[PDB]
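Student: before the rest arrives, take these chain(s) from the complex:
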Amino acid sequence: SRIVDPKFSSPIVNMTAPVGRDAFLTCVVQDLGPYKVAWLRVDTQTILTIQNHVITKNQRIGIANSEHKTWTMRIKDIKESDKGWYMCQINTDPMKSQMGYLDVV
C-alpha cells in the first residue's frame, strides 16, 4: 500500500433545513495525511472551500474540521437557491469524490 491512502469514512448525509436557518454538510475522511479536502456546489460547479480556507466570496459559507477527519461546511441563513447537490473532493491521484444533497424547506 501507499503509506498514506485517504478514503471517505462514510457517505455524506442528506440534510433538510428551513429558510433562514443554518445547515451543516459533513464529509468524513480517513488517513487524509498531506492531502486536501474541498467542498463544491455541483449544480453551479462552484468551488466553495479548500481545507480550512473558504474560497467563495459568499460570506454565508464557512468550513471547520475536527482532527482532519470531519470536514463540516456550514451555510448561514439558508436561501431556497442553496438547495441542490454538494461535492466533497480529495486531491488524490486519481481524485476521489462523493456528493450529498441539501434540501431547503
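Tutor: Received the coordinates, thanks. Numbers count the residues shown, from 1 in each chain, chains lettered A, B, ... in the order given.
Student: can we go C-alpha only for contacts and neighbour counts from here?
Tutor: OK.
Student: residue A:81 in helix, strand or coil?
Tutor: When classified by DSSP: H, G, I helix; E, B strand; the rest coil, residue A:81 comes out as helix.
Student: so who does it touch?
Tutor: Counting by CA atoms under 8 Å, 6 or more residues apart in numbering, residue A:81 touches no other residue.
Student: what do you get for residue A:96?
Tutor: Residue A:96 touches A:7, A:89, A:90, counting by CA under 8 Å, 6+ apart.
Student: dump the residues you listed to a markdown table, plus distance to residue A:41, secondary structure and neighbour count.
Tutor: Output for these, formatted as a markdown table (distance: CA to CA, whole Å; DSSP: H, G, I helix; E, B strand; the rest coil; neighbours: other CA atoms under 10 Å):
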| residue | distance to residue A:41 | secondary structure | neighbour count |
| --- | --- | --- | --- |
| A:7 | 21 | strand | 15 |
| A:89 | 11 | strand | 19 |
| A:90 | 15 | strand | 22 |
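Student: following sequence is chain B, place it on the structure:
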Amino acid sequence: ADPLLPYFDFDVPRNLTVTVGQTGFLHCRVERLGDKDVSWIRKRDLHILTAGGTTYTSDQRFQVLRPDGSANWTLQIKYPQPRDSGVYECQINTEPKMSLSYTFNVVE
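Tutor: Chain B goes in next, on the same frame as the chains above:
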C-alpha cells in the same frame, strides 16, 4: 451603478488542439482582480486543478503560470493524453461565480 468586479479578456484562444505528448497552454486573462481569486477546474468530473497560486490536483502535469501582479492565468498541461481532452473552466470566486470555458483536444 458599477460593482467593479473583475472581467475576462475574451481575445484569447478557447478551442485548443495539441498532439499527444505536446504541451498545451490555456490562456485566461483576468483584469481588475481586486480581492478575488482565479481557479482552473476540469468540467468533466468537477476536479479542481488550481486555485490562485496553489495547485490542488496531485496530477503533476497541471500548473498555473502566473507572475505576481500579472493578469495572465495560463494553465499548463504537460504530457497530455487523449484522456485529457474535454472542457476546462477558468472561474473567478465572485458570488455568483464568473466563468470562461475552454475546449482542449489531444490528437493521436
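Student: verify the stated contact: residue A:79 with residue A:19.
Tutor: Yes. Between residue A:79 and residue A:19 there is a contact at 5.7 Å, judged by CA atoms under 8 Å.
Student: spit out the residues that contact these two alike.
Tutor: residue A:104 (CA atoms under 8 Å, 6 or more residues apart in numbering or on different chains).
Student: where's the residue most central in space within chain A relative to residue A:97, distance?
Tutor: Nearest residue to the geometric centre of chain A (CA atoms, centre = their mean): residue A:39, 3.7 Å. As judged by CA to CA, to the nearest Å, residue A:39 and residue A:97 stand 10 Å apart.
Student: what touches both of the two?
Tutor: A:87, A:88, A:89.
Student: tabulate these (CSV), appending distance to residue B:32.
Tutor: Shown next, in CSV, are the shared contacts of residue A:39 and residue A:97 (distance: CA to CA, whole Å):
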residue, distance to residue B:32
A:87, 30
A:88, 30
A:89, 30
